[PDB]
Amino acid sequence: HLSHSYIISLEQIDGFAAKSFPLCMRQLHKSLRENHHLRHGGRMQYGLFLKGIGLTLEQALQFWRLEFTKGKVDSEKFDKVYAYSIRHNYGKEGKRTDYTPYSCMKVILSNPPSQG
Amino acid sequence: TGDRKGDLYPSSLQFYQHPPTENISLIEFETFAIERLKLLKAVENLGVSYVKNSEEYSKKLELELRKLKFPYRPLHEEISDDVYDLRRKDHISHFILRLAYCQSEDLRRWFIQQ
Amino acid sequence: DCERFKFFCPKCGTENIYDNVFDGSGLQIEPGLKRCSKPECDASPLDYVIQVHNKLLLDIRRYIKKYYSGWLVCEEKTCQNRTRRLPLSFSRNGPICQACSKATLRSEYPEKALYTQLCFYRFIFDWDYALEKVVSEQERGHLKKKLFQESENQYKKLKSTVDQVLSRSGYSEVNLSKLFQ
Amino acid sequence: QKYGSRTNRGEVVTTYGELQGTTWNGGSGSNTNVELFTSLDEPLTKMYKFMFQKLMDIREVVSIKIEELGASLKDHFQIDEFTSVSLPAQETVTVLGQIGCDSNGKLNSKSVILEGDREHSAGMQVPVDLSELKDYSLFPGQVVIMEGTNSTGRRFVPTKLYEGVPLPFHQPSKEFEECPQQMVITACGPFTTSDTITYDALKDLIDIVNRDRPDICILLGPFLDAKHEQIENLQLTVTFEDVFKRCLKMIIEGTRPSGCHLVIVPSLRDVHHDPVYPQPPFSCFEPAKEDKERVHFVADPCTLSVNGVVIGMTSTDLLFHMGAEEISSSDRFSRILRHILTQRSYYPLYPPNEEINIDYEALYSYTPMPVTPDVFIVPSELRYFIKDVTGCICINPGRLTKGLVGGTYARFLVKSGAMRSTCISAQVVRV
RNA sequence: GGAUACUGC
Ligand code: SF4
Ligand SMILES: [Mg+2]
Ligand SMILES: [Zn+2]
Ligand SMILES: [Zn+2]
């Protein structure tokens with residue numbers, strides 16, 4: 001503990017969800033906080049949106065880790081699986097492209113949601 | 001060279017190659033560790049605040065080294081006991097901090113920089 | 001988790017709890033052993049420093065006795081077996097509790113606890129450390145003058161006792177050869 | 001008040017050996033040679049770092065104690081093989097172990113367990129059923145060899161309990177054949193009355209020493225009792241070290257006329273000394289140049305050689321500690337003393353009593369009894385006595401002060417090669 | 001959400 005010897009914020013995101021978030025993101029956030037888990041489409045959409053608002057790679061990683069850990073899953077499982085997706089949304093791996101946030105046209109014409 | 005000294009500390013600057021072999025006290029261990037942590041934190045703060053070639057940087061770093069009693073200036077007199085003590089401090093403290101700053105890559109980088 | 005130093009005033013008999021070298025803030029800060037905790041009491045514990053020394057030695061004896069009592073408790077919540085006897089049957093983690101035969105016996109008062117208690121008793125009498133770390137700037141200036149030299153000397157003498165005790169503890173020499181190889 | 005007006009001054013409360021005159025005289029330590037018994041193991045003569053015991057180290061020390069005593073007993077008894085205590089045994093098997101209590105209370109015949117060593121039993125325990133044993137005497141921490149059967153694999157039933165084997169006595173060299181008989185006065189603390197800090201009993205004893213001029217004076221602690229009512233309630237106006245220094249100065253300077261070798265043994269009740277057993281010698285007092293050769297600051301326990309006579313001594317109240325735990329089938333003190341001698345340790349009780357702090361590495365290194373002592377000084381809160389246990393003269397001189405009233409001391413005469421009658425005479429006398 | 005591998009039992 002020698003290194004720790006005396007000699008945008010995640011918390012406000014919820015606040016934003018009250019007013020600024022468009023109804024799509026409001027619904028996604030409500031479901032996420034209700035169940036601490038999102039199917040793939042929701043993960044992609046919400047991750048891209050939180051990238052758009054400005055949540056940095058470290059910030060987004062922390063937020064997703066904290067939110068998913070409550071879903072009764074192993075902590076290491078998150079780094080094993082979802083870390084690559086989170087990195088890719090920010091153009092960190094693979095083709096390494098700064099993927100832009102979904103446009104309303106894409107969201108309307110993107111994968112059609114189903115039950116769940 | 002009063003009682004238990006030697007040629008173990010010829011020069012002020014050293015590459016910290018040979019680990020210490022002495023038996024020190026727990027109080028000495030803690031004092032040396034904390035003192036060198038203060039020195040390194042002062043180095044980091046002055047590096048952030050000032051340009052390392054600046055005269056303000058040099059003055060403040062000399063003040064900190066004097067306050068914590070670390071070797072910073074040569075002495076063309078001889079190896080005086082007090083000087084020996086200071087050098088011993090430096091040599092042990094460094095390795096103690098090595099033990100403190102080798103667990104994580106981040107920490108390692110920080111240590112190296114300072 | 002360390003017990004604080006309890007001293008009963010000889011005059012008024014009120015308990016004084018000491019947890020730091022200095023008490024108060026700003027220019028109203030003075031060493032703890034300068035004035036009694038009872039406003040109506042004018043007795044200065046610094047006057048009865050022989051009694052403070054004796055109480056310190058008695059407390060150190062009490063803590064050493066607690067450590068050497070060697071009380072062990074089972075780590076299992078559903079067993080919590082408490083024994084003085086250390087069994088020779090060991091698992092990889094330590095002594096095996098002979099009540100349930102499935103959990104480890106942990107020391108009720110480990111060596112670290114005693115070491116930290118002695119270090120705390122040294123801390124509550126470390127004038128120089130308190131001045132450098134605990135005390136603020138204006139408070140340090142107010143305390144680094146005369147009118148406190150006698151208190152400083154008495155505090156140094158009291159810290160000498162805890163230092164002497166700690167010098168005899170194996171939890172007081174660090175072999176740097178074993179660390180760096 | 002009560003002590004100063006006593007009427008039984010000088011009364012001989014107990015006697016043993018050759019009858020002597022009403023007055024005892026010594027050689028003033030003229031032809032006297034006092035040293036620590038030179039055995040294979042080095043003695044405890046300086047402080048050792050303590051307060052750091054690893055449970056593994058305690059396990060190792062206890063296990064090696066059991067193993068070593070069992071090896072000696074196996075060689076002595078020509079036992080073929082030891083068997084694991086825990087394993088079932090339909091036929092009779094010989095098992096080595098140490099006794100203990102299945103609970104935290106005091107041992108009784110229905111709460112006895114035998115714990116084996118690491119070599120033969122992996123440290124496993126087994127309950128013991130003493131229904132088939134006709135005669136026994138067991139205390140916790142006692143290393144025993146038993147023949148028995150374990151039909152259920154869950155309860156060992158001893159049928160024979162092997163007796164203890166004391167160490168051989170010392171064979172003195174002829175260097176001290178021509179030395180005269182030596183007089184030893186032994187006293188144990190407390191030295192002051194419960195309500196005083198003036199050391200009146202100590203002054204009376206010093207007067208007795210100067211009057212009789214003994215060759216050795218063995219003073220056992222406490223010298224500044226921790227249980228003294230003044231000490232506990234913090235009524236002392238001077239530091240503990242100062243009171244102890246005053247007491248030691250009184251003892252040493254007051255004995256100058258007698259020229260008597262002083263042997264000072266610390267006690268666990270010494271409020272000013274390190275609370276650990278084996279206790280290192282006192283080191284806070286530097287005798288003047290004229291008393292350096294006379295004062296011997298020894299450790300607790302101590303094995304002393306006096307012109308070839310081996311005297312064992314301990315300040316610890318061994319008899320009180322073991323009497324509270326010893327269980328027998330049917331003299332109790334003689335049994336406990338024989339147990340101490342046969343276990344070959346100055347503190348064989350495990351777990352110890354609540355009033356003693358034991359560092360087990362130091363216990364292993366400095367509590368083995370080198371030989372069976374010619375005289376064994378064992379002060380106790382129990383009644384004074386002079387007993388002959390297996391040829392060793394065990395002396396309990398009581399304590400110099402018993403509460404508000406004066407206590408007792410002991411005086412004995414020792415000569416190497418006398419008649420085995422190394423103890424010519426011994427007497428417990430009143431102060 | 002998908003795709004590519006190959007271990008096990
Ligand atoms: S997808 Fe576009 S139009 Fe539909 S709710 Fe979200 S922001 Fe509004
Ligand atoms: Mg999935
Ligand atoms: Zn008061
Ligand atoms: Zn248990």
# chains A, B, ... in the order shown; residues from 1 in each chain; ligands from 1
$ residues_around --residues "residue B:69" --least-positions-apart "6" --cutoff "12 Å" --atoms "only C-alpha atoms (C1' of nucleotides)" --output "PyMOL selection string"
chain B and resi 31-32+35-36+38-39+61-63+82-90
$ residues_near_ligand --ligand "ligand 2" --cutoff "8 Å" --atoms "only C-alpha atoms (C1' of nucleotides) and all ligand atoms" --output "list in words"
residues 39 and 40 of chain A; 1 of chain E
$ write_last_selection --atoms "N, CA and C atoms (P, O5', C5', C4', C3', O3' and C1' of nucleotides)" --output "PDB file, in the first residue's frame"
ATOM      1  N   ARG A  39     -29.721  -8.201 -24.221  1.00  0.00           N
ATOM      2  CA  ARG A  39     -29.422  -9.005 -25.392  1.00  0.00           C
ATOM      3  C   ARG A  39     -28.499  -8.222 -26.326  1.00  0.00           C
ATOM      4  N   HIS A  40     -27.998  -8.907 -27.355  1.00  0.00           N
ATOM      5  CA  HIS A  40     -26.907  -8.350 -28.147  1.00  0.00           C
ATOM      6  C   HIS A  40     -27.286  -7.005 -28.754  1.00  0.00           C
TER       7      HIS A  40
ATOM      8  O5'   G E   1     -27.012 -14.050 -28.918  1.00  0.00           O
ATOM      9  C5'   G E   1     -28.114 -14.028 -29.824  1.00  0.00           C
ATOM     10  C4'   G E   1     -27.697 -13.317 -31.109  1.00  0.00           C
ATOM     11  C3'   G E   1     -26.672 -14.166 -31.862  1.00  0.00           C
ATOM     12  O3'   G E   1     -27.321 -15.148 -32.669  1.00  0.00           O
ATOM     13  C1'   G E   1     -25.945 -11.878 -31.753  1.00  0.00           C
TER      14        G E   1
END
$ select_by_dssp --residues "stretch 258-421 of chain D" --states "helix (DSSP H, G or I)" --output "number ranges by chain"
D: 318-323, 332-343, 360-366
$ write_last_selection --atoms "N, CA and C atoms" --output "PDB file, in the first residue's frame"
ATOM      1  N   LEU D 318       5.207 -24.788  39.945  1.00  0.00           N
ATOM      2  CA  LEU D 318       4.914 -25.997  39.182  1.00  0.00           C
ATOM      3  C   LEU D 318       3.862 -26.852  39.872  1.00  0.00           C
ATOM      4  N   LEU D 319       3.976 -27.008  41.189  1.00  0.00           N
ATOM      5  CA  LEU D 319       3.071 -27.893  41.910  1.00  0.00           C
ATOM      6  C   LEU D 319       1.635 -27.386  41.857  1.00  0.00           C
ATOM      7  N   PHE D 320       1.430 -26.084  42.026  1.00  0.00           N
ATOM      8  CA  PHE D 320       0.082 -25.535  41.929  1.00  0.00           C
ATOM      9  C   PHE D 320      -0.469 -25.699  40.521  1.00  0.00           C
ATOM     10  N   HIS D 321       0.373 -25.466  39.513  1.00  0.00           N
ATOM     11  CA  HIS D 321      -0.063 -25.590  38.128  1.00  0.00           C
ATOM     12  C   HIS D 321      -0.479 -27.014  37.785  1.00  0.00           C
ATOM     13  N   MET D 322       0.288 -28.007  38.229  1.00  0.00           N
ATOM     14  CA  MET D 322       0.002 -29.387  37.857  1.00  0.00           C
ATOM     15  C   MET D 322      -0.991 -30.067  38.786  1.00  0.00           C
ATOM     16  N   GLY D 323      -1.077 -29.635  40.040  1.00  0.00           N
ATOM     17  CA  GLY D 323      -2.073 -30.186  40.938  1.00  0.00           C
ATOM     18  C   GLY D 323      -3.487 -29.921  40.471  1.00  0.00           C
ATOM     19  N   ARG D 332       0.303 -36.801  46.798  1.00  0.00           N
ATOM     20  CA  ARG D 332       0.057 -36.156  45.516  1.00  0.00           C
ATOM     21  C   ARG D 332       1.260 -35.331  45.077  1.00  0.00           C
ATOM     22  N   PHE D 333       1.852 -34.580  46.005  1.00  0.00           N
ATOM     23  CA  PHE D 333       3.010 -33.763  45.668  1.00  0.00           C
ATOM     24  C   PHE D 333       4.182 -34.630  45.231  1.00  0.00           C
ATOM     25  N   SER D 334       4.382 -35.772  45.887  1.00  0.00           N
ATOM     26  CA  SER D 334       5.444 -36.680  45.466  1.00  0.00           C
ATOM     27  C   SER D 334       5.193 -37.191  44.056  1.00  0.00           C
ATOM     28  N   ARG D 335       3.939 -37.518  43.739  1.00  0.00           N
ATOM     29  CA  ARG D 335       3.608 -37.956  42.389  1.00  0.00           C
ATOM     30  C   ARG D 335       3.918 -36.869  41.370  1.00  0.00           C
ATOM     31  N   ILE D 336       3.542 -35.627  41.669  1.00  0.00           N
ATOM     32  CA  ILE D 336       3.787 -34.538  40.730  1.00  0.00           C
ATOM     33  C   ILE D 336       5.283 -34.306  40.558  1.00  0.00           C
ATOM     34  N   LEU D 337       6.040 -34.367  41.653  1.00  0.00           N
ATOM     35  CA  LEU D 337       7.483 -34.173  41.566  1.00  0.00           C
ATOM     36  C   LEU D 337       8.139 -35.279  40.752  1.00  0.00           C
ATOM     37  N   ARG D 338       7.705 -36.523  40.951  1.00  0.00           N
ATOM     38  CA  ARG D 338       8.221 -37.615  40.143  1.00  0.00           C
ATOM     39  C   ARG D 338       7.857 -37.430  38.682  1.00  0.00           C
ATOM     40  N   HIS D 339       6.661 -36.911  38.410  1.00  0.00           N
ATOM     41  CA  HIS D 339       6.278 -36.620  37.035  1.00  0.00           C
ATOM     42  C   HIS D 339       7.225 -35.606  36.418  1.00  0.00           C
ATOM     43  N   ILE D 340       7.538 -34.548  37.163  1.00  0.00           N
ATOM     44  CA  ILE D 340       8.448 -33.530  36.649  1.00  0.00           C
ATOM     45  C   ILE D 340       9.811 -34.141  36.365  1.00  0.00           C
ATOM     46  N   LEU D 341      10.316 -34.958  37.288  1.00  0.00           N
ATOM     47  CA  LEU D 341      11.637 -35.547  37.103  1.00  0.00           C
ATOM     48  C   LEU D 341      11.664 -36.529  35.936  1.00  0.00           C
ATOM     49  N   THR D 342      10.606 -37.319  35.769  1.00  0.00           N
ATOM     50  CA  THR D 342      10.575 -38.331  34.719  1.00  0.00           C
ATOM     51  C   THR D 342      10.337 -37.732  33.342  1.00  0.00           C
ATOM     52  N   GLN D 343       9.573 -36.647  33.252  1.00  0.00           N
ATOM     53  CA  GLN D 343       9.382 -35.989  31.968  1.00  0.00           C
ATOM     54  C   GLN D 343      10.629 -35.238  31.532  1.00  0.00           C
ATOM     55  N   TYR D 360       7.773 -21.283  23.001  1.00  0.00           N
ATOM     56  CA  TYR D 360       8.014 -22.716  22.897  1.00  0.00           C
ATOM     57  C   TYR D 360       9.381 -23.057  22.316  1.00  0.00           C
ATOM     58  N   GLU D 361       9.950 -22.211  21.461  1.00  0.00           N
ATOM     59  CA  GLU D 361      11.325 -22.442  21.030  1.00  0.00           C
ATOM     60  C   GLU D 361      12.290 -22.319  22.202  1.00  0.00           C
ATOM     61  N   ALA D 362      12.137 -21.260  22.996  1.00  0.00           N
ATOM     62  CA  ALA D 362      12.967 -21.103  24.184  1.00  0.00           C
ATOM     63  C   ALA D 362      12.696 -22.210  25.190  1.00  0.00           C
ATOM     64  N   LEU D 363      11.437 -22.635  25.308  1.00  0.00           N
ATOM     65  CA  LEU D 363      11.114 -23.754  26.185  1.00  0.00           C
ATOM     66  C   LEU D 363      11.843 -25.018  25.757  1.00  0.00           C
ATOM     67  N   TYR D 364      11.857 -25.294  24.455  1.00  0.00           N
ATOM     68  CA  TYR D 364      12.564 -26.459  23.938  1.00  0.00           C
ATOM     69  C   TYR D 364      14.054 -26.361  24.220  1.00  0.00           C
ATOM     70  N   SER D 365      14.626 -25.177  24.040  1.00  0.00           N
ATOM     71  CA  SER D 365      16.064 -25.002  24.173  1.00  0.00           C
ATOM     72  C   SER D 365      16.544 -24.931  25.621  1.00  0.00           C
ATOM     73  N   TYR D 366      15.711 -24.502  26.576  1.00  0.00           N
ATOM     74  CA  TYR D 366      16.211 -24.148  27.900  1.00  0.00           C
ATOM     75  C   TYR D 366      15.439 -24.748  29.069  1.00  0.00           C
TER      76      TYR D 366
END
$ interface_residues --of "chain C" --to "chain D" --cutoff "7 Å" --atoms "only C-alpha atoms" --output "JSON, numbers by chain"
{"C": [50, 51, 54, 61, 65, 68, 69, 83, 84, 85, 88, 89, 111, 168, 169, 170, 171]}
$ write_last_selection --atoms "C-alpha atoms" --output "PDB file, in the first residue's frame"
ATOM      1  CA  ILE C  50       5.593   8.024  36.811  1.00  0.00           C
ATOM      2  CA  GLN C  51       2.031   6.726  37.079  1.00  0.00           C
ATOM      3  CA  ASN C  54       3.601   2.317  35.274  1.00  0.00           C
ATOM      4  CA  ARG C  61       2.143  -6.810  30.086  1.00  0.00           C
ATOM      5  CA  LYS C  65      -0.240 -12.045  28.196  1.00  0.00           C
ATOM      6  CA  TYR C  68       0.773 -15.742  24.765  1.00  0.00           C
ATOM      7  CA  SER C  69      -2.550 -17.106  26.009  1.00  0.00           C
ATOM      8  CA  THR C  83      -9.600 -23.831  22.598  1.00  0.00           C
ATOM      9  CA  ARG C  84      -6.254 -23.085  24.195  1.00  0.00           C
ATOM     10  CA  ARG C  85      -4.763 -26.374  22.989  1.00  0.00           C
ATOM     11  CA  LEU C  88      -0.574 -31.386  16.070  1.00  0.00           C
ATOM     12  CA  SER C  89      -3.002 -32.379  13.280  1.00  0.00           C
ATOM     13  CA  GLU C 111       1.137 -11.655  16.296  1.00  0.00           C
ATOM     14  CA  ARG C 168      12.604  -7.170  21.915  1.00  0.00           C
ATOM     15  CA  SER C 169       9.908  -8.296  19.454  1.00  0.00           C
ATOM     16  CA  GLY C 170      10.691 -10.741  16.668  1.00  0.00           C
ATOM     17  CA  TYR C 171       7.770  -9.537  14.555  1.00  0.00           C
TER      18      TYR C 171
END
$ residues_near_ligand --ligand "ligand 4" --cutoff "6 Å" --atoms "only C-alpha atoms (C1' of nucleotides) and all ligand atoms" --output "PDB file with C-alpha atoms, in the first residue's frame"
ATOM      1  CA  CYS C  74     -12.534 -22.264  14.576  1.00  0.00           C
ATOM      2  CA  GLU C  76     -16.342 -22.091  10.716  1.00  0.00           C
ATOM      3  CA  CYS C  79     -18.508 -24.413  14.924  1.00  0.00           C
ATOM      4  CA  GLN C  80     -16.705 -21.417  16.483  1.00  0.00           C
ATOM      5  CA  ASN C  81     -14.845 -23.828  18.752  1.00  0.00           C
ATOM      6  CA  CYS C  97     -10.257 -28.011  14.556  1.00  0.00           C
ATOM      7  CA  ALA C  99     -14.506 -30.320  17.270  1.00  0.00           C
ATOM      8  CA  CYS C 100     -15.627 -30.504  13.626  1.00  0.00           C
ATOM      9  CA  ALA C 103     -12.050 -26.263   9.531  1.00  0.00           C
TER      10      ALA C 103
END
$ closest_residue --among "C:36, C:124, C:46, C:2" --to "ligand 3" --atoms "only C-alpha atoms and all ligand atoms"
C:36
$ residues_near_ligand --ligand "ligand 1" --cutoff "8 Å" --atoms "only C-alpha atoms (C1' of nucleotides) and all ligand atoms" --output "list in words"
residues 22, 23, 24, 25, 103, 104, 105, 107 and 108 of chain A
$ residues_around --residues "residue B:44" --least-positions-apart "5" --cutoff "12 Å" --atoms "only C-alpha atoms (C1' of nucleotides)" --output "list in words"
residues 37, 38, 39, 49, 50, 51, 52, 57, 60, 61, 110, 111, 112, 113 and 114 of chain B
$ decode --residues "stretch 93-111 of chain A" --atoms "N, CA, C and O atoms" --output "tab-separated table (two decimals), in the first residue's frame"
chain	number	residue	atom	x	y	z
A	93	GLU	N	-9.84	-2.68	-31.75
A	93	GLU	CA	-9.36	-3.99	-32.17
A	93	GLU	C	-9.88	-4.27	-33.58
A	93	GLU	O	-10.53	-3.43	-34.21
A	94	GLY	N	-9.58	-5.47	-34.07
A	94	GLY	CA	-10.08	-5.89	-35.37
A	94	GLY	C	-9.65	-4.92	-36.45
A	94	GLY	O	-8.48	-4.54	-36.55
A	95	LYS	N	-10.61	-4.52	-37.29
A	95	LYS	CA	-10.32	-3.53	-38.32
A	95	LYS	C	-9.91	-2.19	-37.71
A	95	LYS	O	-9.33	-1.36	-38.42
A	96	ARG	N	-10.20	-1.97	-36.43
A	96	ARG	CA	-9.81	-0.74	-35.73
A	96	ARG	C	-10.39	0.49	-36.43
A	96	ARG	O	-9.67	1.36	-36.93
A	97	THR	N	-11.72	0.54	-36.47
A	97	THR	CA	-12.45	1.65	-37.07
A	97	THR	C	-13.27	2.34	-35.99
A	97	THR	O	-13.91	1.68	-35.17
A	98	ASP	N	-13.23	3.68	-35.99
A	98	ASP	CA	-14.00	4.47	-35.03
A	98	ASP	C	-15.46	4.44	-35.46
A	98	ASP	O	-15.98	5.35	-36.12
A	99	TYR	N	-16.14	3.37	-35.06
A	99	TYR	CA	-17.53	3.18	-35.47
A	99	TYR	C	-18.40	4.30	-34.93
A	99	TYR	O	-18.39	4.60	-33.73
A	100	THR	N	-19.16	4.93	-35.83
A	100	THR	CA	-20.01	6.04	-35.44
A	100	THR	C	-21.27	5.54	-34.73
A	100	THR	O	-21.70	4.40	-34.94
A	101	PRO	N	-21.88	6.37	-33.89
A	101	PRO	CA	-23.13	5.96	-33.25
A	101	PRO	C	-24.24	5.75	-34.27
A	101	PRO	O	-24.26	6.38	-35.33
A	102	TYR	N	-25.15	4.84	-33.95
A	102	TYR	CA	-26.25	4.53	-34.85
A	102	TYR	C	-27.05	5.78	-35.17
A	102	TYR	O	-27.33	6.60	-34.29
A	103	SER	N	-27.42	5.93	-36.44
A	103	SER	CA	-28.33	6.98	-36.87
A	103	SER	C	-29.76	6.48	-36.78
A	103	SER	O	-30.02	5.28	-36.85
A	104	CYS	N	-30.69	7.42	-36.60
A	104	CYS	CA	-32.09	7.05	-36.45
A	104	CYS	C	-32.56	6.17	-37.60
A	104	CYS	O	-33.35	5.24	-37.40
A	105	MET	N	-32.09	6.45	-38.81
A	105	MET	CA	-32.45	5.61	-39.95
A	105	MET	C	-31.97	4.18	-39.73
A	105	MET	O	-32.71	3.23	-39.99
A	106	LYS	N	-30.74	4.02	-39.25
A	106	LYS	CA	-30.23	2.68	-38.97
A	106	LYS	C	-31.07	2.00	-37.90
A	106	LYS	O	-31.49	0.85	-38.06
A	107	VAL	N	-31.34	2.71	-36.80
A	107	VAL	CA	-32.09	2.12	-35.70
A	107	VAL	C	-33.45	1.65	-36.19
A	107	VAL	O	-33.91	0.55	-35.83
A	108	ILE	N	-34.12	2.46	-37.00
A	108	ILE	CA	-35.42	2.07	-37.54
A	108	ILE	C	-35.28	0.86	-38.46
A	108	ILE	O	-36.08	-0.08	-38.40
A	109	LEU	N	-34.26	0.87	-39.31
A	109	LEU	CA	-34.06	-0.18	-40.31
A	109	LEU	C	-33.05	-1.24	-39.87
A	109	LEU	O	-32.69	-2.11	-40.66
A	110	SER	N	-32.58	-1.18	-38.62
A	110	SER	CA	-31.63	-2.17	-38.12
A	110	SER	C	-32.39	-3.45	-37.75
A	110	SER	O	-33.55	-3.64	-38.13
A	111	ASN	N	-31.73	-4.34	-37.02
A	111	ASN	CA	-32.33	-5.61	-36.65
A	111	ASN	C	-33.69	-5.37	-35.99
A	111	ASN	O	-33.79	-4.55	-35.07
